[PDB]
Structure formats: C-alpha cells, structure tokens
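What follows is a short report on a single structure.
Backbone-built Cβ (ideal geometry, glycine too); neighbour counts: all protein chains shown. Each answer follows from the model by the rule given with it, or from the source it names; nothing here is a laboratory result.
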There are 2 protein chains.
Amino acid sequence: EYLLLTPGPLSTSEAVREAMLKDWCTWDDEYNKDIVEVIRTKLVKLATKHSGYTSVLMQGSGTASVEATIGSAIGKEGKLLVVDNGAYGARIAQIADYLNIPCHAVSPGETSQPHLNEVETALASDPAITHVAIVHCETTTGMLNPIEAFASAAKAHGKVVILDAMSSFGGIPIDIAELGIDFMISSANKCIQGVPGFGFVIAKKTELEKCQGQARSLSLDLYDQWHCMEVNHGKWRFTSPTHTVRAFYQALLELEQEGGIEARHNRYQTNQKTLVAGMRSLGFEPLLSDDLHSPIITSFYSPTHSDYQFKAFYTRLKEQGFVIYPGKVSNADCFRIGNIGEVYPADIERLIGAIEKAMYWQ
Amino acid sequence: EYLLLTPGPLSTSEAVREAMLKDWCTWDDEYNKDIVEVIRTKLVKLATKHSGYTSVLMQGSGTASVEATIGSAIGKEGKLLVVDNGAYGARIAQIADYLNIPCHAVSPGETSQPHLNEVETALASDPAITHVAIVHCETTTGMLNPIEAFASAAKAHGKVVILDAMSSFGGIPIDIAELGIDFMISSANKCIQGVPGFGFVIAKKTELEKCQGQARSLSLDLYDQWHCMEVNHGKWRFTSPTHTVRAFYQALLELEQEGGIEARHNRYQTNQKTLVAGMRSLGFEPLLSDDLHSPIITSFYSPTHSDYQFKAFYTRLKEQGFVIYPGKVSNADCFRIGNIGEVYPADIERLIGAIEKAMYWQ
C-alpha cells in the first residue's frame, strides 16, 4: 500500500514477511542451531573477513543492544568519550548517565562532523577515558561520521571502540577488524532489511570476554547472553522474537542474493544521489553538504512558503503511496526521506514525481 | 508441522501469524492510535473491571518487563521480598542482585506452595521491605501459586505488590485491582497466544507515577515508556516489534472471540485435567500434587526405566507432531507438557496416543 521511506522499520520484501509464518520452539535445535547459529555465523562474516570476532543477538529495540554494550563493556572505574552530533550520540550519553558511567561528550553540533583535533585533545587530556563511542550514520540528519579516523585515534590511545552502526551495517561496507572496532552494534530492521524485534553486537572475542560479571542489567548482560549462545549453540537465555529472527535469516539470504553489502551500498548510494538531485530540481535544500551525506537517509529543510505544512505534505505523499519521515534537528525546521528497504531507482523516480504533485503551495 | 506443547512461544493461530504480513511506520498514528492504544485499552480491561489502572508495553523478552518493573518501581532505599519457589522467583532475586537492590527470598521448595507464615514472618521482622514479588503460575513446575493471601498480607503491611503473571494472565481469571496487585507483568506469547517480541505491565496509575526518575535503565525505564505512550498516544520511545504488536492485536480479537479469559481458562483447565488423567493411565506421575496444578503446564517425573532418555522420547514425539518440553525443577528428573496455544481436547487425546507410541522402553 505504501513505500516506507523511513530509516527502519521499513518496507520489507514479501519473502522476509512470509518467513514469519512458522512457529518455533525456543528450546529446539531446529531454531537454535539451524536458524540462530546460522545468523550468528553470517553476521560475523558480513562484519569482517578477519578472525577473532563473534556475535551476540539481543531482544528489544536497537537501543537495548547499545545499552547492553555500554552497560556490559564499561567497568565500574570506566569512562566513556562519546561523539554527540545527533540524537543517537546524545542517547549514548543518556545511557551512560542512567548507568552512572562518567561521560565526556564531543559536540560539534547536529549539522557538523566531529573535528578529529577535538577528539585527539579529549583523548590526550582525559586519561580516565577507557571507551569511545561513535555513531556511523547519524540518522537524525543522515550524516555519515568519519569513523575510520576516530577509531584510529581511539586505538592509538589504547581505548575500547564502540560503534553504533544501527543505520549503516549492511548498507555501507566496513571491516570492523580493519577499523579497530571492538563492539559494533546494529539492527535487524535497517540496512539488513529484516523486521524489528532484536538487535545485535559484533565484537572482538577478547574484548567481549572482558564483559563477564560487569553487566548492569540481567536482560542486557552481553557476556551472559553470548556465553549461553556459545555453550548452548544458539540458545537465547530468555525468550527471543522467533518469527522476527526467522525473518532476519531470510533478510540475510536476500542480502547475499543481491550481491552482498557492496551491491546493497551501490543501490542505496544511487537511490540517495538520484533523490538529492531530484529534490534540488524541485527547490528543496539538503540540511547537510553532499560530502557529509550518508547513502541511507537525507534530511531536507522544510520549504519556507507560508502555506507549507509537514502534515499536509506527508498526507499528500501517503495518498501517492509514499511515507516520508519527520525532521529530528532541534534548531531546524526539516523533514527526512530514507531510501533503504524495498526502494529501487524506479521508486525514487516515481517519488520525485509524487513530491512535485504533493507541492500544493506551489 | 508440530504442535508446541510449551509454555510459549507456542502454536499460534493462522490469523495471528498472518497479521504479521504488513509493515508499519512507528511514527504513524494508524499504528500508534489504532493498534497500540487499542491493545493498551484492551489489556487494562482484561486485567481489571475497576478504574485507576494503566498499561505499558515493553520491547524484549518477558524478563525485560519484569526487570523494567523491579528497576523502575523500587527506589534507591527500597527492598524486595520475593517468593522463590522456582526459576522465575529466583530470576526476580537475580534481577534485584544485578540492580544492587537488597532482596529477601522466602524460598520454599519447588514442590510446595508458598508458606504464608514465612512471608508474614519476613514482613513483620523486616521493616526495610518496600516491595513484594510473587510468580502467579510458576512455569518451572506448573505450580499455581496462591496469590490472593500473599497480596493481602503484603498490602496489610503497606508494601507495593508486583505479580509475575507471565504464564497465567489471559488463561486464569484475575482482577488485579481486587487482589491489590500494583504491577502485573505478562507476556505477548503465553495465554494471550500472540507471538514473542514484547511484554507488558498493567499497573495502578498512582504506583506507576512513583516510577518517574527512578529507572536503572533507559531501555527499561517503565515511567518514561508509559509517559511517551500517554502523551504521544501509543508512541513507543524506541523501535517496537511492529509485526508482533499487530499479531498481538489479533490474539486479543481471538481471545474475545473464544469468550474471554473465563472460556480460555475452561479450555486450558480441561486440556490440563485430561492430560493428567491420560498420562496417569500410561504410568506417568505428575511432579506436583493435583491441588497445586495450574491449568497451563504440567511437570511429570521422568520414567525410572534405565532405557528412558528425554531426548529419545522427545524425538519420537516430534516425529508424531508433538513438541514437549524439558524439566526445569532443580531437585527432580522431570519433563513438562504445556497445554496452551492451539491446543484443544482432540489434541490432548491424540497426544496421549502419541505418548504411548513413543514409550520405546516398554
């Protein structure tokens, strides 16, 4: 009925949704070994071509996996350095605050990438820092953060690197071992194109082993969760969203079928550039300069025409089969358009026609 | 392919699973107002016929909702009294331990009902106690714990009552306002017969308001989660398992269609008693005395025959289309058979025949 131009939950394929039509026993080998362990094996290979990495799946929103990571990896004497250049960086700082973890935020503003010099200064002047966290694609704006240089600075300073790759993993090629990422967090329902229900963490085994007995939550105990999947071959300590896990197994088959992350990245990148060019031709202005754009989601300034109203514009697009997204920038009047999920170049072209017809104020 | 004789995830109906075939936007009023708020309204009415109650839905396993409750309701100076007569009472004590909440466990054996005198002695001698927790149906054994006298004792001592009704709500009639339950926790995928993905808490509005600013987790911040659903009419702070929420909306329609909790209780109770009589005719002995049996799941002693092996027995039943469940009692060799989900008296009759054919040792 509608194409969801969101950062996820998004428009999944018919086969991803159809995979949810079977019930599973959570104590059954058919689920744990043949579904869960297969997902786990595939996820590590998607994240890195190197050895020494492992995966852990965690029930709940992606925030629950970010929180499981922060609350399990950081010891009682630990201190986090976070890049806060949007709502998901601010949420990482908010998690640290809830868990009574000292936190230093480097805040370049929501329309700017962090200055490496600023990160370097924080790392050199604050020896108490033990962990660094960064958001790969800052979904608030669709900004692509410079994770390589940031992780390189962090590792040269002997810190543990946490990457929030919620809106990037599966859509932007990365090798987390090569980048020096210790814990990479991502979603079931963004670039992998599964359905919501759980998140996951791909971690350096040695760094994940340090999490033992450190967790601030039972549900979000990362080592305990991983240990059970290890010893009990896929077994989730507590009930898992079985149907959504089976839908994710299907999403992984479709990602391979598409040609992997490299091919998915090309489709997304093409959709996003075609979208930006189309929007500009209609007079829309992107929030960010093109060099900062991710190929995932794009924020645009709201038109300044006095009759412009997001809800009326949103409604007119929905009537044409497109669901766009609200803006998330505190100091700007803006909207977002995602281009992930069942979004192909033909859809972007149809969307550009739909935006034009939706421009009732023109 | 198999009938899941588990306590949940279980065999859901075709319509419950088919309801998962549509994608939803998490920022869309159709999802929030017409699905989420409808579920919320229905859940409170199922829990009580009285005013002053409200519901909160929480992503994750049911354990995440139990943890959200404990970590949000208990203040910094708070103390929990828990009845631990199975794994779920022990898990509540384990949550308190993780959250650094002082915890007193009144721990009877797993084959005995809670001793009211022990709870009363704890309450009278430990003034520091602020909260009491009890499991309604202790799924470990299938015990139906008396909750009315326990809740009455707790209220007479001015404590906040937390009920783990994970395997009972929707299958055993209760009015949480009449029982004096402050927070009742249940599952999407047990007696309501939805699919896993989230849990929920039905709470006395005034008791839930005391949770503000006390959470030990962002993801599991019960007040914050509720407040957003209140002010933003169904809006979940972070991504919700949309498809599973829509499947749950369908499960609620089917519960109504069956004739409500009273009719579901009758079917479950009948399945359970027929099962017990059938198992006894085959020489199986229930772990618990009949007066303690819940109508949800039943523990049976493992046959003493030297050739009996759970896995071989389980495999032979699976070949006949039945998935039975492992024992969870620490001090007895048992197995379990659930009778919830798409389990009807005809299935119990067919299962008794299948049980007989799988008795390879005789």
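Which fully enclosed helices (runs of 4 or more DSSP H) of the range A:227-339 have 1 or more residues being over 21 Å from the mean Cα position of the chain (by Cα) and among the small types (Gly, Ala, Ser)?
Those helices (runs of 4 or more DSSP H) span A:260-281, A:310-318.
Might you let me know whether the range B:42-50 holds any residue that is charged (D, E, K, R), away from chain A (no Cβ under 14 Å), more than 26 Å from B:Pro108 (Cβ to Cβ) and in a helix (DSSP H, G or I)?
yes
Just to be sure I understand, how many residues within the range A:168-215 are of a type in the set (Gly, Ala, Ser) and in a strand (DSSP E or B)?
The number of residues fulfilling the criteria is 4.
Keeping to the range A:216-226, report how many residues are in contact with a helix residue (DSSP H, G or I) (Cβ under 7 Å, 6 or more places away or on another chain) and assigned to a helix (DSSP H, G or I).
Residues in the range A:216-226 being in contact with a helix residue (DSSP H, G or I) (Cβ under 7 Å, 6 or more places away or on another chain) and assigned to a helix (DSSP H, G or I): 3 in total.
Please list, ordered by first then second residue, the pairs with beta carbon atoms under 9 Å, 6 or more apart or interchain, first in the range B:133-151 and over 18 Å from B:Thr111 (Cβ atoms), second surrounded by fewer than 24 Cβ atoms within 10 Å (Cβ to Cβ) and acidic (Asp, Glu).
The qualifying pairs are B:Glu148/B:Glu178.
Going residue by residue through the range A:80-93, is there one that turns out to be surrounded by 21 or more Cβ atoms within 10 Å (Cβ to Cβ) and over 20 Å from A:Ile134 (Cβ atoms)?
Among the residues of the range A:80-93, not one is surrounded by 21 or more Cβ atoms within 10 Å (Cβ to Cβ) and over 20 Å from A:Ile134 (Cβ atoms), which makes the answer no.
Only residues that are of a type in the set (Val, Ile, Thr) and surrounded by fewer than 23 Cβ atoms within 10 Å (Cβ to Cβ): list them for the range A:184-230, please.
Residue satisfying the conditions is A:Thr206 alone.
Could you check the range A:58-90 and list, in sequence order, the residues that are β-branched (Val, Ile, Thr) and facing another protein chain (nearest Cβ under 9 Å)?
A:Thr63, A:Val66
What about B:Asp126, is it farther than 30 Å from B:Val36 by Cβ, buried (at least 24 other Cβ atoms within 10 Å of the Cβ), of a type outside the set (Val, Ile, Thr) and away from every other protein chain (no Cβ under 14 Å)?
Spelling it out, it is not the case that B:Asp126 is farther than 30 Å from B:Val36 by Cβ, buried (at least 24 other Cβ atoms within 10 Å of the Cβ), of a type outside the set (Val, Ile, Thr) and away from every other protein chain (no Cβ under 14 Å).
Can you tell me which residues in the range A:231-246 are surrounded by fewer than 18 Cβ atoms within 10 Å (Cβ to Cβ), in contact (Cβ under 8 Å) with a residue 40 or more places away in the chain and not polar (S, T, N, Q)?
If the condition is that a residue be surrounded by fewer than 18 Cβ atoms within 10 Å (Cβ to Cβ), in contact (Cβ under 8 Å) with a residue 40 or more places away in the chain and not polar (S, T, N, Q), then A:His233 is the only one that fits.
Kindly indicate whether any position in the range B:29-40 is within 9 Å of another protein chain (Cβ to nearest Cβ) and either within 24 Å of the chain's Cα centre (by Cα) or outside any strand (DSSP E or B) (or both).
Looking for residues that are within 9 Å of another protein chain (Cβ to nearest Cβ) and either within 24 Å of the chain's Cα centre (by Cα) or outside any strand (DSSP E or B) (or both), one finds none in the range B:29-40, hence no.
Pull up the range A:187-226, narrow it to residues that are within 12 Å of chain B (Cβ to nearest Cβ) and of a type in the set (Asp, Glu), then point me to the one that is farthest from the chain's Cα centre (by Cα).
A:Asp224
Could you say which residue among A:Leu222, A:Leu252, A:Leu282 is in contact (Cβ under 8 Å) with a residue 24 or more places away in the chain, closer than 30 Å to A:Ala332 by Cβ, out of contact with any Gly (no Cβ under 7 Å at 6 or more places or on another chain) and among the aliphatic types (A, V, I, L, M)?
A:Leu282
Which of the residues that make up the range A:1-28 are at the interface with chain B (Cβ under 7 Å from one of its Cβ atoms), assigned to a helix (DSSP H, G or I) and not basic (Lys, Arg)?
A:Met20, A:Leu21
For the range B:73-127, how many residues meet the condition of being among the β-branched types (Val, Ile, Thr) and in a helix (DSSP H, G or I)?
Number satisfying all stated conditions: 4.
Looking at the range A:247-267, can you tell me whether even one residue there is surrounded by 14 or more Cβ atoms within 10 Å (Cβ to Cβ) and basic (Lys, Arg)?
yes
Given A:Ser55, A:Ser51, A:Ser65, which one is on the phi < 0 side of the Ramachandran plot and out of contact with any strand residue (DSSP E or B) (no Cβ under 7 Å at 6 or more places or on another chain)?
A:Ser51
Take the conditions under 28 Å from A:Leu253 (Cα atoms), of a type in the set (A, V, I, L, M, F, W, C) and in contact (Cβ under 8 Å) with a residue 40 or more places away in the chain and apply them to A:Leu46. Does it pass?
Yes; evaluated as a whole, the condition is true for this residue.
Looking at the range A:51-72, which of its residues are out of contact with any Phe, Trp or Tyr (no Cβ under 9 Å at 6 or more places or on another chain) and assigned to a loop (DSSP other than H, G, I, E, B)?
A:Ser51, A:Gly52
One line per residue, one yes/no per condition, for (1) under 30 Å from A:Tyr314 (Cβ atoms); (2) crowded, with 21+ Cβ neighbours inside 10 Å; (3) among the basic types (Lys, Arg); (4) in the same structural domain as B:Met184 (by TED's automatic domain parsing):
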| site | (1), (2), (3), (4) |
| --- | --- |
| B:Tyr2 | no, no, no, no |
| B:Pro9 | no, yes, no, no |
| B:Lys33 | yes, no, yes, yes |
| B:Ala47 | no, yes, no, yes |
| B:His50 | no, no, no, yes |
| B:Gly62 | no, yes, no, yes |
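Only residues in the range A:306-332 that are away from every other protein chain (no Cβ under 14 Å) count as the first member; pair them with residues that are aromatic (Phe, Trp, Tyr), Cβ under 6 angstrom, at least 6 apart or cross-chain, and list the lot.
A:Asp307/A:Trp361; A:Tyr308/A:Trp361
Is it true that A:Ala87 is closer than 20 Å to B:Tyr98 by Cβ and either of a type in the set (A, V, I, L, M) or in contact with a strand residue (DSSP E or B) (Cβ under 9 Å, 6 or more places away or on another chain) (or both)?
no
Could you please find all residues in the range B:130-158 being surrounded by 22 or more Cβ atoms within 10 Å (Cβ to Cβ) and part of a loop (DSSP other than H, G, I, E, B)?
B:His136, B:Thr139, B:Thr140, B:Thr141, B:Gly142, B:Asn145, B:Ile147
Tally up the residues in the range A:340-352 that are assigned to a loop (DSSP other than H, G, I, E, B) and surrounded by fewer than 18 Cβ atoms within 10 Å (Cβ to Cβ), please.
2
Scan the range A:99-123 for residues that are hydrophobic (A, V, I, L, M, F, W, C), more than 14 Å from chain B (Cβ to nearest Cβ) and either out of contact with any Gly (no Cβ under 8 Å at 6 or more places or on another chain) or in contact (Cβ under 8 Å) with a residue 60 or more places away in the chain (or both) and jot them down.
Once the filter is applied, which keeps residues that are hydrophobic (A, V, I, L, M, F, W, C), more than 14 Å from chain B (Cβ to nearest Cβ) and either out of contact with any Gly (no Cβ under 8 Å at 6 or more places or on another chain) or in contact (Cβ under 8 Å) with a residue 60 or more places away in the chain (or both), the range A:99-123 yields A:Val106, A:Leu116, A:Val119, A:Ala122, A:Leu123.
Give the range B:79-110 a look and list any residue that's among the small types (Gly, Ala, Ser) and under 17 Å from B:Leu144 (Cβ atoms), or say none.
Of everything in the range B:79-110, those that are among the small types (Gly, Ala, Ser) and under 17 Å from B:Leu144 (Cβ atoms) turn out to be B:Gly86, B:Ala87, B:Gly89, B:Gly109.
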